[PDB]
Amino acid sequence: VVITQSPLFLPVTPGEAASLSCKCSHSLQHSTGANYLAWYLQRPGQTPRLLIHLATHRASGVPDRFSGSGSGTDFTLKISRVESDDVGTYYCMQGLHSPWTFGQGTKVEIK
Amino acid sequence: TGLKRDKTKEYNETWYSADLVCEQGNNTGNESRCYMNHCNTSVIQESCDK
Amino acid sequence: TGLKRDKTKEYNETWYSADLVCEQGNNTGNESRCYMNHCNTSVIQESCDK
Amino acid sequence: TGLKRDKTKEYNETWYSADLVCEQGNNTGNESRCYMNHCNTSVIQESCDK
Amino acid sequence: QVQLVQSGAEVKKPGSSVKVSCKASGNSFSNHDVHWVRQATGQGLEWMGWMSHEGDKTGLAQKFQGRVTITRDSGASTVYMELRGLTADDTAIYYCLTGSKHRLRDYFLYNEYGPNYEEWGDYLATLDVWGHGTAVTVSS
Ligand SMILES: *[C@@H]1O[C@H](CO)[C@@H](O[C@@H]2O[C@H](CO)[C@@H](O[C@@H]3O[C@H](CO[C@H]4O[C@H](CO[C@H]5O[C@H](CO)[C@@H](O)[C@H](O)[C@@H]5O)[C@@H](O)[C@H](O[C@H]5O[C@H](CO)[C@@H](O)[C@H](O)[C@@H]5O)[C@@H]4O)[C@@H](O)[C@H](O[C@H]4O[C@H](CO)[C@@H](O)[C@H](O)[C@@H]4O[C@H]4O[C@H](CO)[C@@H](O)[C@H](O)[C@@H]4O)[C@@H]3O)[C@H](O)[C@H]2NC(C)=O)[C@H](O)[C@H]1NC(C)=O
Ligand SMILES: *[C@@H]1O[C@H](CO)[C@@H](O[C@@H]2O[C@H](CO)[C@@H](O[C@@H]3O[C@H](CO)[C@@H](O)[C@H](O[C@H]4O[C@H](CO)[C@@H](O)[C@H](O)[C@@H]4O)[C@@H]3O)[C@H](O)[C@H]2NC(C)=O)[C@H](O)[C@H]1NC(C)=O
Ligand SMILES: *[C@@H]1O[C@H](CO)[C@@H](O[C@@H]2O[C@H](CO)[C@@H](O[C@@H]3O[C@H](CO)[C@@H](O)[C@H](O[C@H]4O[C@H](CO)[C@@H](O)[C@H](O)[C@@H]4O)[C@@H]3O)[C@H](O)[C@H]2NC(C)=O)[C@H](O)[C@H]1NC(C)=O
Ligand SMILES: *[C@@H]1O[C@H](CO)[C@@H](O[C@@H]2O[C@H](CO)[C@@H](O[C@@H]3O[C@H](CO)[C@@H](O)[C@H](O[C@H]4O[C@H](CO)[C@@H](O)[C@H](O)[C@@H]4O)[C@@H]3O)[C@H](O)[C@H]2NC(C)=O)[C@H](O)[C@H]1NC(C)=O
Ligand SMILES: *[C@@H]1O[C@H](CO)[C@@H](O[C@@H]2O[C@H](CO)[C@@H](O[C@@H]3O[C@H](CO)[C@@H](O)[C@H](O)[C@@H]3O)[C@H](O)[C@H]2NC(C)=O)[C@H](O)[C@H]1NC(C)=O
Ligand SMILES: *[C@@H]1O[C@H](CO)[C@@H](O[C@@H]2O[C@H](CO)[C@@H](O[C@@H]3O[C@H](CO)[C@@H](O)[C@H](O)[C@@H]3O)[C@H](O)[C@H]2NC(C)=O)[C@H](O)[C@H]1NC(C)=O
Ligand SMILES: *[C@@H]1O[C@H](CO)[C@@H](O[C@@H]2O[C@H](CO)[C@@H](O[C@@H]3O[C@H](CO)[C@@H](O)[C@H](O)[C@@H]3O)[C@H](O)[C@H]2NC(C)=O)[C@H](O)[C@H]1NC(C)=O
Ligand SMILES: *[C@@H]1O[C@H](CO)[C@@H](O[C@@H]2O[C@H](CO)[C@@H](O)[C@H](O)[C@H]2NC(C)=O)[C@H](O)[C@H]1NC(C)=O
Ligand SMILES: *[C@@H]1O[C@H](CO)[C@@H](O[C@@H]2O[C@H](CO)[C@@H](O)[C@H](O)[C@H]2NC(C)=O)[C@H](O)[C@H]1NC(C)=O
Ligand SMILES: *[C@@H]1O[C@H](CO)[C@@H](O[C@@H]2O[C@H](CO)[C@@H](O)[C@H](O)[C@H]2NC(C)=O)[C@H](O)[C@H]1NC(C)=O
Ligand SMILES: *[C@@H]1O[C@H](CO)[C@@H](O[C@@H]2O[C@H](CO)[C@@H](O)[C@H](O)[C@H]2NC(C)=O)[C@H](O)[C@H]1NC(C)=O
Ligand SMILES: *[C@@H]1O[C@H](CO)[C@@H](O[C@@H]2O[C@H](CO)[C@@H](O)[C@H](O)[C@H]2NC(C)=O)[C@H](O)[C@H]1NC(C)=O
């Protein structure tokens, strides 16, 4: 069981949309239909902040511009009108099997 | 599980192709899980006689 | 759980007032645990006939 | 477990020497695992009438 | 808005062990799960372990299998995570965080005699409150 996060480095011009991908394929023997995936953002010098839980539901206080979608093995996170506050590393947390692991992370900055 | 209601013991028993109905899924595992042909309609008794 | 002794299937059935005995307690949950009237005395069999 | 098939109830029954077989091993616990004398060959009934 | 308090930073020699202490305001651990996360400077976050708020299912990560021990005081007043076999790569900030789980049924064998056979598994969904973190430096 491994997690692949692409692209590693994603410059986004201000006001443009961004797409992040976190892929998992080793869903051996299944169990729950809705594989648990959680997205978090860690700004510099700040603790990671939850963004999406269950891959489709926004967390409390998250602006609508942050949307998570996907089912099965391929999932996508879409960000609209990126700003400086969104600069950081996006981590996708698997919630399927014990032990669990982090995602390698994707770096996003302002182009 | 055997008569002694504890400490189950794994067995094997190979059927013929005309004795199983197996659910179809996207599972990649090498083990295919499925049931008998008519065990979800009525209990079936053995024919333990001559 | 039904005839297939591998999985359960939650249903709903609506009794009447004089068909249940409920366990009083300090439970604040919206669910009230409550058994049948006489299922701890002797097994009751249906009248699955005309 | 009793008739109410939702909970357990511990009892103690005091058997005799010639109605038990106990597992032999290296276990150190004060509890000795034993089974009934003849429940792994057939189901036993109770001399239930008088 | 539960508050998590962690022990101060520590400096230890390679091959020694560290024991972090974590507490939650209002004994929130008695009703929510516990977890542990670490991260090295300029590196990604790394998960360590967890323990059910009921205290039934306790385990560790494959990476630290046998290297870490997670324990709590009676009543879940405090949670202690202990790590041994420290090395240079172990230098990281260790974080204490809460959460919950979705304990669902994974198997069922209707045992006509006696009680029913049930098997339960814990899957991690919620990760709400994060601790400030404890900085550990493995050096001589
Ligand atoms: C008979 O069979 C049924 C069916 O199996 C059994 O029902 C099961 O009962 C247990 C409790 O005994 C429930 O556990 C509780 O589940 C929730 C999470 O469940 C929610 O998410 C599920 C997943 O949904 C996603 O994924 C599916 C696909 O897998 C998608 O279809 C969805 O769209 C989602 O993407 C979802 O399936 C659940 O729906 C079911 O439950 C809800 C209610 O939650 C119903 O409305 C639905 O109709 C449906 O039945 C659901 O939406 C956990 O959050 C709970 O965790 C609490 O309890 C644990 C202990 O039980 C504990 O370890 C946790 O920490 C947590 O603690 C709780 O209590 C604490 C205080 O004590 C609180 O502090 C804490 O915040 C929390 O409130 C819990 O695990 C199962 O969900 C339920 N269903 C299944 C499928 O397992 C039924 O129990 C059986 N009979 C008996 C006697 O057991
Ligand atoms: C015991 O379990 C078995 C296995 O699950 C179960 O068999 C199922 O029966 C139902 C009822 O007939 C089948 O329902 C299907 O529904 C879809 C809906 O779109 C239909 O398209 C299916 O049509 C198939 O069969 C046609 C011939 O009648 C074909 O021409 C067609 O191309 C399809 O192949 C079908 O009606 C269900 O598919 C099966 N399941 C399996 C795995 O075969 C049985 O009913 C259970 N018995 C009980 C609960 O008493
Ligand atoms: C199956 O389960 C039911 C439900 O648990 C169980 O019913 C119980 O029966 C016993 C035996 O009669 C009740 O015993 C009570 O004991 C207290 C002791 O102080 C008495 O005060 C109770 O008196 C009540 O009834 C009186 C009329 O006889 C009233 O005048 C009085 O005000 C009280 O209401 C009573 O005798 C026991 O209370 C019930 N259970 C409940 C929840 O009330 C039944 O016995 C079980 N059968 C089995 C296991 O075979
Ligand atoms: C139900 O459970 C009982 C208890 O476990 C079980 O009894 C077993 O019967 C077998 C059948 O013979 C015993 O087999 C043993 O095999 C070893 C192999 O080396 C022999 O050495 C044993 O010899 C003993 O008995 C001899 C007399 O026949 C003595 O002279 C000798 O000194 C040994 O004491 C013996 O044949 C087996 O030992 C017992 N169980 C135990 C714990 O000893 C019974 O078979 C079960 N019934 C079922 C599953 O249907
Ligand atoms: C199901 O039927 C198969 C027969 O096809 C049984 O398989 C046999 O299992 C035994 C052990 O349970 C095997 O012995 C062991 O083989 C391995 C092979 O590497 C060897 O290293 C061990 O030292 C030991 O000899 C045996 O080879 C194997 N035979 C086969 C696969 O043909 C199996 O036991 C049955 N399942 C049950 C009884 O639950
Ligand atoms: C029993 O049923 C009552 C009525 O449905 C439940 O009360 C309601 O519970 C829900 C779920 O907790 C509450 O929703 C949330 O309320 C908080 C405020 O407490 C709010 O901030 C959230 O946005 C959300 O709306 C709801 O308010 C509450 N309503 C009332 C009138 O109490 C109760 O929880 C049920 N109890 C059990 C044990 O099932
Ligand atoms: C098995 O049979 C024995 C009888 O030989 C039962 O033992 C009795 O168990 C009760 C409690 O279930 C004991 O009462 C308690 O005793 C302790 C002793 O310190 C006391 O501190 C408590 O306040 C309370 O009175 C009783 O003494 C005990 N009698 C004995 C051992 O002779 C036992 O309950 C049976 N096992 C079951 C029902 O599972
Ligand atoms: C049913 O199973 C098949 C075989 O695993 C799945 O096929 C894959 O589907 C995804 C789209 O979800 C494609 O990207 C892959 O290329 C397909 N092939 C493989 C080998 O993965 C199919 O998706 C499953 N059905 C679903 C998930 O609804
Ligand atoms: C299904 O069987 C294949 C073939 O035995 C397995 O593939 C092997 O898996 C082992 C264990 O990971 C590897 O060491 C081998 O290199 C694999 N060989 C090949 C040709 O793939 C596969 O892992 C099995 N899958 C399941 C789910 O049981
Ligand atoms: C018996 O039941 C009543 C009602 O359920 C309980 O009253 C509760 O008391 C606690 C404090 O002890 C309060 O916090 C609750 O608000 C009260 N109401 C409810 C519905 O819980 C009473 O405590 C119970 N007595 C016990 C368990 O000994
Ligand atoms: C079976 O049980 C006996 C009793 O506990 C074990 O006896 C010990 O055996 C070890 C060697 O395995 C000796 O070093 C000890 O001195 C023995 N006595 C005690 C009190 O421990 C015996 O080893 C067990 N058989 C095994 C483990 O194969
Ligand atoms: C078996 O019984 C003995 C005797 O009661 C137990 O030994 C006592 O254990 C308690 C609890 O640890 C100690 O406080 C006593 O000091 C012990 N006394 C003696 C004389 O050993 C023993 O622990 C029991 N073992 C098991 C597995 O139940």
# chains A, B, ... in the order shown; residues from 1 in each chain; ligands from 1
$ residues_around --residues "residue 71 of chain E" --least-positions-apart "2" --cutoff "7 Å" --atoms "only C-alpha atoms" --output "list in words"
residues 69, 79, 80 and 81 of chain E
$ write_last_selection --atoms "N, CA, C and O atoms" --output "short mmCIF file (atom, residue, chain, number, x, y, z; two decimals), in the first residue's frame"
data_model
loop_
_atom_site.label_atom_id
_atom_site.label_comp_id
_atom_site.auth_asym_id
_atom_site.auth_seq_id
_atom_site.Cartn_x
_atom_site.Cartn_y
_atom_site.Cartn_z
N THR E 69 6.04 2.61 22.39
CA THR E 69 5.04 2.10 23.32
C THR E 69 4.16 3.26 23.74
O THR E 69 4.66 4.29 24.22
N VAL E 79 -1.73 10.98 28.46
CA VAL E 79 -1.29 9.99 27.48
C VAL E 79 0.21 10.12 27.33
O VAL E 79 0.73 11.23 27.14
N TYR E 80 0.91 8.99 27.41
CA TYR E 80 2.36 8.95 27.30
C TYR E 80 2.76 8.09 26.11
O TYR E 80 2.30 6.94 26.00
N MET E 81 3.60 8.63 25.24
CA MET E 81 4.16 7.91 24.11
C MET E 81 5.66 7.83 24.30
O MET E 81 6.33 8.86 24.45
#
$ residues_near_ligand --ligand "ligand 8" --cutoff "7 Å" --atoms "only C-alpha atoms and all ligand atoms" --output "mmCIF file with N, CA, C and O atoms, in the first residue's frame"
data_model
loop_
_atom_site.group_PDB
_atom_site.id
_atom_site.type_symbol
_atom_site.label_atom_id
_atom_site.label_comp_id
_atom_site.auth_asym_id
_atom_site.auth_seq_id
_atom_site.Cartn_x
_atom_site.Cartn_y
_atom_site.Cartn_z
ATOM 1 N N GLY A 72 -13.160 5.444 -5.445
ATOM 2 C CA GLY A 72 -12.426 4.244 -5.853
ATOM 3 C C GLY A 72 -10.922 4.392 -5.612
ATOM 4 O O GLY A 72 -10.471 4.337 -4.472
ATOM 5 N N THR A 73 -10.168 4.573 -6.695
ATOM 6 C CA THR A 73 -8.715 4.673 -6.626
ATOM 7 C C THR A 73 -8.189 6.062 -6.951
ATOM 8 O O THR A 73 -7.172 6.473 -6.382
ATOM 9 N N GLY B 25 -17.550 -8.915 -8.960
ATOM 10 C CA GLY B 25 -17.101 -7.656 -8.410
ATOM 11 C C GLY B 25 -15.771 -7.249 -9.002
ATOM 12 O O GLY B 25 -15.186 -7.958 -9.823
ATOM 13 N N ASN B 26 -15.297 -6.084 -8.571
ATOM 14 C CA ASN B 26 -14.034 -5.522 -9.026
ATOM 15 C C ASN B 26 -12.865 -5.927 -8.138
ATOM 16 O O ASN B 26 -11.769 -5.378 -8.285
ATOM 17 N N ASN B 27 -13.074 -6.874 -7.222
ATOM 18 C CA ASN B 27 -12.008 -7.311 -6.333
ATOM 19 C C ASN B 27 -10.870 -7.937 -7.130
ATOM 20 O O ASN B 27 -11.100 -8.735 -8.044
ATOM 21 N N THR B 28 -9.641 -7.569 -6.778
ATOM 22 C CA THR B 28 -8.447 -8.085 -7.435
ATOM 23 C C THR B 28 -7.854 -9.292 -6.716
ATOM 24 O O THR B 28 -6.942 -9.930 -7.251
#
$ residues_around --residues "segment 21-24 of chain B" --least-positions-apart "5" --cutoff "9 Å" --atoms "only C-alpha atoms" --output "MDAnalysis selection string"
chainID B and resid 32:38
$ residues_near_ligand --ligand "ligand 7" --cutoff "6 Å" --atoms "only C-alpha atoms and all ligand atoms" --output "list in words"
residues 10, 11 and 12 of chain D
$ write_last_selection --atoms "N, CA and C atoms" --output "tab-separated table (two decimals), in the first residue's frame"
chain	number	residue	atom	x	y	z
D	10	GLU	N	-22.96	-16.31	34.17
D	10	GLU	CA	-22.03	-17.31	34.67
D	10	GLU	C	-22.65	-18.13	35.80
D	11	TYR	N	-22.50	-19.44	35.71
D	11	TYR	CA	-22.88	-20.38	36.77
D	11	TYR	C	-21.64	-21.16	37.19
D	12	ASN	N	-21.80	-22.01	38.20
D	12	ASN	CA	-20.82	-23.05	38.47
D	12	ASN	C	-21.54	-24.37	38.69
$ residues_around --residues "segment 39-46 of chain A" --least-positions-apart "3" --cutoff "10 Å" --atoms "only C-alpha atoms" --output "JSON, numbers by chain"
{"A": [22, 49, 50, 51, 52, 53, 54, 55, 58, 59, 68, 77, 85, 86, 87, 88, 89, 90, 91, 92, 93, 94, 102, 103, 105, 106], "E": [45, 127, 132]}
$ write_last_selection --atoms "N, CA and C atoms" --output "PDB file, in the first residue's frame"
ATOM      1  N   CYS A  22      -4.176  12.700  -5.666  1.00  0.00           N
ATOM      2  CA  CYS A  22      -3.652  11.716  -4.724  1.00  0.00           C
ATOM      3  C   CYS A  22      -4.251  10.367  -5.089  1.00  0.00           C
ATOM      4  N   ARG A  49      -4.070  21.899   8.625  1.00  0.00           N
ATOM      5  CA  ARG A  49      -5.494  22.174   8.764  1.00  0.00           C
ATOM      6  C   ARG A  49      -6.285  21.215   7.887  1.00  0.00           C
ATOM      7  N   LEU A  50      -7.276  20.553   8.480  1.00  0.00           N
ATOM      8  CA  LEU A  50      -8.123  19.643   7.723  1.00  0.00           C
ATOM      9  C   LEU A  50      -8.918  20.410   6.674  1.00  0.00           C
ATOM     10  N   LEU A  51      -9.001  19.840   5.474  1.00  0.00           N
ATOM     11  CA  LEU A  51      -9.773  20.419   4.381  1.00  0.00           C
ATOM     12  C   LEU A  51     -10.945  19.544   3.972  1.00  0.00           C
ATOM     13  N   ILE A  52     -10.703  18.266   3.693  1.00  0.00           N
ATOM     14  CA  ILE A  52     -11.728  17.352   3.207  1.00  0.00           C
ATOM     15  C   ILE A  52     -11.673  16.077   4.034  1.00  0.00           C
ATOM     16  N   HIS A  53     -12.843  15.523   4.341  1.00  0.00           N
ATOM     17  CA  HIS A  53     -12.948  14.222   4.985  1.00  0.00           C
ATOM     18  C   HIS A  53     -13.926  13.368   4.194  1.00  0.00           C
ATOM     19  N   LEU A  54     -13.619  12.074   4.097  1.00  0.00           N
ATOM     20  CA  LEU A  54     -14.374  11.116   3.291  1.00  0.00           C
ATOM     21  C   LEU A  54     -14.306  11.436   1.799  1.00  0.00           C
ATOM     22  N   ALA A  55     -13.371  12.297   1.394  1.00  0.00           N
ATOM     23  CA  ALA A  55     -13.042  12.617   0.007  1.00  0.00           C
ATOM     24  C   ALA A  55     -14.092  13.477  -0.686  1.00  0.00           C
ATOM     25  N   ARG A  58     -16.695  18.932   2.755  1.00  0.00           N
ATOM     26  CA  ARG A  58     -15.870  20.031   3.235  1.00  0.00           C
ATOM     27  C   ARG A  58     -15.849  20.059   4.760  1.00  0.00           C
ATOM     28  N   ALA A  59     -14.717  20.487   5.310  1.00  0.00           N
ATOM     29  CA  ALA A  59     -14.598  20.660   6.747  1.00  0.00           C
ATOM     30  C   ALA A  59     -15.162  22.016   7.167  1.00  0.00           C
ATOM     31  N   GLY A  68     -13.259  18.698  -2.862  1.00  0.00           N
ATOM     32  CA  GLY A  68     -12.657  17.381  -3.019  1.00  0.00           C
ATOM     33  C   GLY A  68     -13.648  16.427  -3.663  1.00  0.00           C
ATOM     34  N   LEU A  77      -8.406  17.030  -5.895  1.00  0.00           N
ATOM     35  CA  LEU A  77      -8.726  18.218  -5.115  1.00  0.00           C
ATOM     36  C   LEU A  77      -8.624  19.430  -6.028  1.00  0.00           C
ATOM     37  N   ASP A  85      -2.697  32.908   0.843  1.00  0.00           N
ATOM     38  CA  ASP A  85      -3.059  32.136   2.026  1.00  0.00           C
ATOM     39  C   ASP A  85      -3.078  30.637   1.753  1.00  0.00           C
ATOM     40  N   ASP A  86      -3.211  30.232   0.493  1.00  0.00           N
ATOM     41  CA  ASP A  86      -3.249  28.823   0.126  1.00  0.00           C
ATOM     42  C   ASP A  86      -1.863  28.216  -0.054  1.00  0.00           C
ATOM     43  N   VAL A  87      -0.801  29.010   0.084  1.00  0.00           N
ATOM     44  CA  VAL A  87       0.549  28.489  -0.088  1.00  0.00           C
ATOM     45  C   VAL A  87       0.854  27.503   1.030  1.00  0.00           C
ATOM     46  N   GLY A  88       1.356  26.333   0.660  1.00  0.00           N
ATOM     47  CA  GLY A  88       1.671  25.307   1.637  1.00  0.00           C
ATOM     48  C   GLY A  88       1.793  23.952   0.961  1.00  0.00           C
ATOM     49  N   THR A  89       1.769  22.911   1.787  1.00  0.00           N
ATOM     50  CA  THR A  89       1.876  21.532   1.331  1.00  0.00           C
ATOM     51  C   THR A  89       0.571  20.803   1.616  1.00  0.00           C
ATOM     52  N   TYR A  90       0.033  20.141   0.597  1.00  0.00           N
ATOM     53  CA  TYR A  90      -1.227  19.415   0.699  1.00  0.00           C
ATOM     54  C   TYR A  90      -0.929  17.940   0.942  1.00  0.00           C
ATOM     55  N   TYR A  91      -1.464  17.399   2.033  1.00  0.00           N
ATOM     56  CA  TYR A  91      -1.260  16.007   2.406  1.00  0.00           C
ATOM     57  C   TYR A  91      -2.589  15.269   2.372  1.00  0.00           C
ATOM     58  N   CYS A  92      -2.568  14.058   1.821  1.00  0.00           N
ATOM     59  CA  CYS A  92      -3.748  13.209   1.714  1.00  0.00           C
ATOM     60  C   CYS A  92      -3.554  11.996   2.615  1.00  0.00           C
ATOM     61  N   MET A  93      -4.466  11.818   3.571  1.00  0.00           N
ATOM     62  CA  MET A  93      -4.351  10.798   4.609  1.00  0.00           C
ATOM     63  C   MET A  93      -5.243   9.608   4.292  1.00  0.00           C
ATOM     64  N   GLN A  94      -4.625   8.454   4.068  1.00  0.00           N
ATOM     65  CA  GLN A  94      -5.381   7.226   3.884  1.00  0.00           C
ATOM     66  C   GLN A  94      -6.048   6.818   5.193  1.00  0.00           C
ATOM     67  N   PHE A 102       0.882   8.852   5.733  1.00  0.00           N
ATOM     68  CA  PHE A 102       0.735  10.141   5.081  1.00  0.00           C
ATOM     69  C   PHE A 102       0.919  10.005   3.571  1.00  0.00           C
ATOM     70  N   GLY A 103       0.572  11.074   2.862  1.00  0.00           N
ATOM     71  CA  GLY A 103       0.932  11.206   1.467  1.00  0.00           C
ATOM     72  C   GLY A 103       2.235  11.972   1.317  1.00  0.00           C
ATOM     73  N   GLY A 105       2.945  14.385  -0.418  1.00  0.00           N
ATOM     74  CA  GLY A 105       2.697  15.811  -0.383  1.00  0.00           C
ATOM     75  C   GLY A 105       2.943  16.477  -1.723  1.00  0.00           C
ATOM     76  N   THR A 106       2.242  17.586  -1.948  1.00  0.00           N
ATOM     77  CA  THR A 106       2.394  18.399  -3.148  1.00  0.00           C
ATOM     78  C   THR A 106       2.640  19.839  -2.727  1.00  0.00           C
TER      79      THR A 106
ATOM     80  N   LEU E  45       5.171  14.898   6.769  1.00  0.00           N
ATOM     81  CA  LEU E  45       4.643  14.389   8.027  1.00  0.00           C
ATOM     82  C   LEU E  45       4.669  12.866   8.035  1.00  0.00           C
ATOM     83  N   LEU E 127      -9.910  13.878  12.059  1.00  0.00           N
ATOM     84  CA  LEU E 127      -8.658  14.415  12.599  1.00  0.00           C
ATOM     85  C   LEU E 127      -8.889  15.914  12.786  1.00  0.00           C
ATOM     86  N   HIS E 132       0.341  21.312  20.005  1.00  0.00           N
ATOM     87  CA  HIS E 132       1.415  22.221  19.619  1.00  0.00           C
ATOM     88  C   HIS E 132       2.645  21.462  19.139  1.00  0.00           C
TER      89      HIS E 132
END
$ residues_near_ligand --ligand "ligand 12" --cutoff "8 Å" --atoms "only C-alpha atoms and all ligand atoms" --output "count of residues only"
4
$ interface_residues --of "chain C" --to "chain B" --cutoff "10 Å" --atoms "only C-alpha atoms" --output "ChimeraX atom specification"
/C:2-5
$ calpha_fit_and_write --fixed "chain B" --moving "chain C" --output "compact mmCIF listing (two decimals) with C-alpha atoms, in the first residue's frame"
# COMPACT_ATOMS: atom_id res chain seq x y z
CA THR C 1 -16.39 -25.42 13.43
CA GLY C 2 -17.27 -28.96 14.46
CA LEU C 3 -19.03 -30.64 17.36
CA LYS C 4 -16.73 -29.01 19.92
CA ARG C 5 -18.27 -25.54 19.83
CA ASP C 6 -15.03 -23.81 20.84
CA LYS C 7 -12.61 -24.03 17.88
CA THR C 8 -12.67 -24.13 14.08
CA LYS C 9 -10.87 -26.40 11.61
CA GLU C 10 -10.40 -25.23 8.03
CA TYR C 11 -11.01 -27.91 5.39
CA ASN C 12 -11.27 -28.07 1.60
CA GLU C 13 -14.11 -29.35 -0.56
CA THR C 14 -14.21 -29.38 -4.36
CA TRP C 15 -17.58 -28.64 -5.97
CA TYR C 16 -18.45 -28.76 -9.67
CA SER C 17 -19.17 -25.94 -12.09
CA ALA C 18 -22.97 -26.24 -11.89
CA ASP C 19 -23.07 -26.30 -8.07
CA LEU C 20 -22.05 -22.73 -7.19
CA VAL C 21 -23.16 -19.15 -7.76
CA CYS C 22 -20.43 -16.54 -7.40
CA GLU C 23 -20.69 -12.85 -6.51
CA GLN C 24 -19.26 -10.78 -9.34
CA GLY C 25 -17.24 -7.77 -8.25
CA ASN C 26 -14.21 -5.57 -8.79
CA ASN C 27 -12.16 -7.54 -6.25
CA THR C 28 -8.56 -8.05 -7.39
CA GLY C 29 -7.78 -10.69 -4.76
CA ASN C 30 -6.92 -14.19 -5.93
CA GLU C 31 -9.77 -15.49 -3.73
CA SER C 32 -13.26 -15.42 -5.27
CA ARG C 33 -16.07 -15.25 -2.72
CA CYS C 34 -18.76 -17.67 -3.86
CA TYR C 35 -21.77 -19.27 -2.15
CA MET C 36 -23.62 -22.51 -2.83
CA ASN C 37 -26.26 -22.81 -5.53
CA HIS C 38 -29.46 -22.79 -3.44
CA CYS C 39 -28.48 -22.14 0.18
CA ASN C 40 -30.31 -18.78 0.28
CA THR C 41 -33.68 -20.31 -0.71
CA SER C 42 -34.21 -23.33 1.56
CA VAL C 43 -32.04 -25.51 3.75
CA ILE C 44 -30.90 -28.57 1.80
CA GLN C 45 -30.48 -31.93 3.53
CA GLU C 46 -28.04 -34.63 2.47
CA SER C 47 -28.87 -38.08 1.14
CA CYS C 48 -26.80 -39.77 3.82
CA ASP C 49 -28.24 -43.17 2.96
CA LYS C 50 -27.99 -45.89 0.31
$ closest_residue --among "E:112, E:138, E:67, E:133" --to "chain B" --atoms "only C-alpha atoms"
E:112
$ atom_distance --atom1 "atom CA of residue 121 of chain E" --atom2 "atom CA of residue 25 of chain A"
20.6 Å
$ interface_residues --of "chain E" --to "chain D" --cutoff "12 Å" --atoms "only C-alpha atoms" --output "NGL selection string"
:E and (110-116)
$ write_last_selection --atoms "N, CA, C and O atoms" --output "compact mmCIF listing (two decimals), in the first residue's frame"
# COMPACT_ATOMS: atom_id res chain seq x y z
N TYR E 110 -23.44 -16.34 12.60
CA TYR E 110 -24.54 -16.55 13.51
C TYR E 110 -24.41 -17.85 14.24
O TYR E 110 -24.89 -18.89 13.74
N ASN E 111 -23.77 -17.84 15.40
CA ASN E 111 -23.59 -19.05 16.19
C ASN E 111 -24.87 -19.40 16.94
O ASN E 111 -25.21 -18.76 17.93
N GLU E 112 -25.57 -20.42 16.45
CA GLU E 112 -26.86 -20.81 17.01
C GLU E 112 -26.74 -21.13 18.50
O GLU E 112 -27.67 -20.90 19.27
N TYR E 113 -25.59 -21.67 18.90
CA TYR E 113 -25.34 -21.98 20.30
C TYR E 113 -24.53 -20.88 20.91
O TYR E 113 -23.48 -20.50 20.34
N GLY E 114 -24.97 -20.35 22.05
CA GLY E 114 -24.24 -19.29 22.72
C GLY E 114 -24.37 -17.96 22.01
O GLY E 114 -25.30 -17.76 21.23
N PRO E 115 -23.45 -17.03 22.28
CA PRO E 115 -23.55 -15.70 21.67
C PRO E 115 -23.15 -15.70 20.20
O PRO E 115 -22.70 -16.72 19.68
N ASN E 116 -23.29 -14.56 19.54
CA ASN E 116 -22.93 -14.43 18.13
C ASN E 116 -21.46 -14.04 18.00
O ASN E 116 -20.89 -13.36 18.86
$ atom_distance --atom1 "atom CA of residue 51 of chain E" --atom2 "atom CA of residue 82 of chain E"
13.6 Å
$ closest_residue --among "E:16, E:74, E:52, E:98" --to "residue 137 of chain E" --atoms "only C-alpha atoms"
E:16
